[PDB]
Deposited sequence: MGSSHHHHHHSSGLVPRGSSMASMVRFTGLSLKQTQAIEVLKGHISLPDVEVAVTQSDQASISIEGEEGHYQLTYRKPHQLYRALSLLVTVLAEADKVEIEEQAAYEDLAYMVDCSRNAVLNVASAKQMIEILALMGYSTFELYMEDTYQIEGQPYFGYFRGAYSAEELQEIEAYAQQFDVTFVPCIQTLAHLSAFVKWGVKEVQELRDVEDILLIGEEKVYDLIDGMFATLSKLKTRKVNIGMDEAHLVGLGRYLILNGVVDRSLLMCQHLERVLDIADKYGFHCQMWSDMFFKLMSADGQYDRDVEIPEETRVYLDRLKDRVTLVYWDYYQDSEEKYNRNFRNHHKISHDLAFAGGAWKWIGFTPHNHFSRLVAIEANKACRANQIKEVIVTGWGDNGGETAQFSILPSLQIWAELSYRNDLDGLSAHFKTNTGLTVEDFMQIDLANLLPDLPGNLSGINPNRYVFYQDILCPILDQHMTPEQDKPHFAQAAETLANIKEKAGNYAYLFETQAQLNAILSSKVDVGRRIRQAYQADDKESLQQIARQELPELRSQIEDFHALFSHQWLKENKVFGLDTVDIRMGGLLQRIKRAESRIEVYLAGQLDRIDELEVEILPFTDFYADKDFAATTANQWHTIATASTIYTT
């Protein structure tokens, strides 16, 4: 609240205003800074004794430069900074399709942080969550962005010289749209989440998609096309018979590119359909690859060489390549910044070795968008540092300048996933989620729990996170949510197992303590978690989509009530056996069976919560 007495020369009014916004995040000292554009480096800062010369190559690089300047002057008077960014473009892609649609205010906040970190580009992943005129079911009750909302977000990014790229889908992954049982929708379908290739009303829809996006200033779009096994194999196969499936994809892509051409767009797409690179089809693939940027996506590999093989294979067919890495926030309620760091380190090496020009960091939200949108800030800074510096020596300090938290403290956000016997190089291991949604009477994940280890882990995490929350400022909400989650998981990780132990030993006093004390308290804790979670959601996202979490959490609460009622019936002598408890628990999955830890990966709510049917007919 003490106003900065910083003094700049060389700025545009655009830049002075941007800086005034960013004073809300960083603290500029009373120094004098001469600013100019120069080709010499991405960023350069020289000087001493309160007088500095700052240059940037691209305008948006001014903002990372200010973060670097703030940071270095806390340690020293004299500055000698020169960064050469490895990537011409560095982007962050938020998932707005998995129920969580980032609200406009939060998009602006994200854009400010991206600018401070060094990102050139902001992207939103929208399957059905943007409005198309004359398609009233596309996005219905999903909080689809209006054209105007998209223009406002894009315009706000432009205030920081950050570009906007919408990421859409032009063939498959349109499940929330295609479910609507009206002729105007069903006539567009092939099978599952896949649109019907060759159908003119499908190309009319796709023309409408580009109509909406042409209202923006950007002329860069990611059109999707990521793997779909059943393309050609549904209503298409009925209407048309067996076709060469790569030829079918080429036909469809050509139509999409012609539409995009009409509205002035250049298209990026996932590289999947070109992995095959029948001669005529080879030639057709080869011709279409020259009109797109291919995106090689990979969130998983633990060594540079594994990426290098794929880069080398991709470069045998196209130089117009981007790499998509991952900020892991798609595995329930809790991110995995730690894993993301591990793979970014190796991915960056390979990107550099292959002279890759563009990196997109993806922020997927699989299966309900339950992880906080701002949970992955450390992963974002990690990629910015690797691009601009090729090392992580400045990560913590820069991150603290930008956020108020050390990177180490922020990364404790991951804790509900960080069970102690896991090796750090395995992905998707997500007890945050499956421990939370598992049933009480029928704990189908119970073989994956290790209470001697897990209970104190979750209990200590709750305390750690509570301490970090006190010093997190405007990010405290993230840690408050996580602290309550960990508190819950500490008892819930084995309540199902302890019920079964008591029941088998005929320990009726313990059964009674569980049904009358522990379980009602667990409910009360989950209710408090629902409230913290809801606060988090509504801060970050539109209201739409929160409904699914209400349904899931309501159902869990009702199942805890059933455990209580079933145990009471039995304690009353009204039942000879509690049948649920006579079923022996098998492994939920063998995916990590080979390994010397019990945890696993389980990331579909509907199979975590019940072995019964719930969506099938």
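Positions of the deposited sequence absent from the coordinates, in order: 1-19, 297-309.
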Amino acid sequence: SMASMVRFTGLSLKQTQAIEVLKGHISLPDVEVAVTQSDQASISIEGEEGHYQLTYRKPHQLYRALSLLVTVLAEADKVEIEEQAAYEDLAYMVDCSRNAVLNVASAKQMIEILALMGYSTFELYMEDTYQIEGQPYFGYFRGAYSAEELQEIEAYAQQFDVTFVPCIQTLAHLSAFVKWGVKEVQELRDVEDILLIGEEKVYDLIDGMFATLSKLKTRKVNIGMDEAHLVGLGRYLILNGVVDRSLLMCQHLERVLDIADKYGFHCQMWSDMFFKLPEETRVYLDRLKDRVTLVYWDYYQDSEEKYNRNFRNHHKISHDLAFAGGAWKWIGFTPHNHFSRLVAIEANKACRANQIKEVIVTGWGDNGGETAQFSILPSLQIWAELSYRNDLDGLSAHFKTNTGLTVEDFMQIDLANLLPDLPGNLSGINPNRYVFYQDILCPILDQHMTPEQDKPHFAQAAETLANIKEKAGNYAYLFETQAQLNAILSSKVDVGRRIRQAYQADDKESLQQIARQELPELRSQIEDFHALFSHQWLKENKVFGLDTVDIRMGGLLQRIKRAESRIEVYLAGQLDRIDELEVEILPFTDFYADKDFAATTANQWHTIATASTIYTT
From here on, numbers count along this sequence of modelled residues.
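What we label the rigid core is the largest C-alpha set whose atoms superpose within 1.5 Å from one form to the other.
With each structure aligned by its rigid core, the stretch whose Cα atoms sit farther from this model in 5 other deposited structures of this protein, between 220-228 and 159-167, is 220-228. When the other structures are laid on the shown form by the rigid core, the stretch among 331-339 and 309-317 with the greater C-alpha deviation in 5 other deposited structures of this protein turns out to be 309-317. Looking at the other PDB entries for this protein, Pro278 is absent from the model in a third or more of those that include the residues around it. Comparing 606-614 with 4-12, the stretch with the higher mean C-alpha B-factor in the PDB entry is 4-12. Comparing 390-398 with 362-370, the stretch with the higher mean C-alpha B-factor in the PDB entry is 390-398.
Comparing C-alpha B-factors across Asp261, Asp414, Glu408, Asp528 in the deposited entry, the largest value falls on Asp261. Sorting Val182, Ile488, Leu445, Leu114 by the CA temperature factor given in the entry leaves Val182 at the top. Sort the modelled residues of the chain by CA B factor and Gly332 lands in the lowest third. Compared with the other modelled residues of the chain, the Cα B-factor recorded for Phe479 ranks in the lowest third. When the CA B factors of the chain's modelled residues are split into thirds, the value for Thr163 lands in the middle one.
In the PDB entry, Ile45 places in the middle third of its chain by CA B-factor. Sorting the modelled residues of the chain by their CA temperature factor places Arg566 in the middle third.
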